[PDB]
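K.L.:
my sequence and its experimental structure, below.
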Amino acid sequence: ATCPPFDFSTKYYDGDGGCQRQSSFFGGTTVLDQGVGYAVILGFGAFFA
């Protein structure tokens, strides 16, 4: 029950308290902003047109 059991996966092993794996990958801080998301949401169908 070594924490971490591997060298390459030490980032996601509950770096705040008792050793465990986070129940999901998404939910924290996103990488992009809402602006690019909305621009892709709406403006993508126009430039390609």
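P.N.:
Happy to help now that I have it. Numbering: from 1, shown residues only.
K.L.:
when you work out contacts or count neighbours from here on, use the C-alpha atoms and nothing else.
P.N.:
Fine.
K.L.:
what is the neighbour count of residue 4?
P.N.:
When neighbours are counted by other C-alpha atoms under 10 Å, residue 4 registers 16.
K.L.:
quick one, what contacts it?
P.N.:
For residue 4, the contact set (C-alpha atoms under 8 Å, 6 or more residues apart in numbering) comprises 10, 13.
K.L.:
same check, this time on the one 10 residues further on
P.N.:
For residue 14, the contacting residues are 20-22, by C-alpha under 8 Å, 6+ apart.
K.L.:
will you turn these into a markdown table that also has distance to residue 39, neighbour count and secondary structure?
P.N.:
Output for the contacts of residue 14, formatted as a markdown table (distance: C-alpha to C-alpha, whole Å; neighbours: other C-alpha atoms under 10 Å; DSSP: H, G, I helix; E, B strand; the rest coil):
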| residue | distance to residue 39 | neighbour count | secondary structure |
| --- | --- | --- | --- |
| 20 | 37 | 13 | coil |
| 21 | 34 | 14 | coil |
| 22 | 31 | 11 | coil |
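K.L.:
my guess is residue 19 meets residue 10, correct?
P.N.:
No. Counting by C-alpha atoms under 8 Å, residue 19 does not reach residue 10; the two are 10.4 Å apart.
K.L.:
this completes my enquiry, with thanks.
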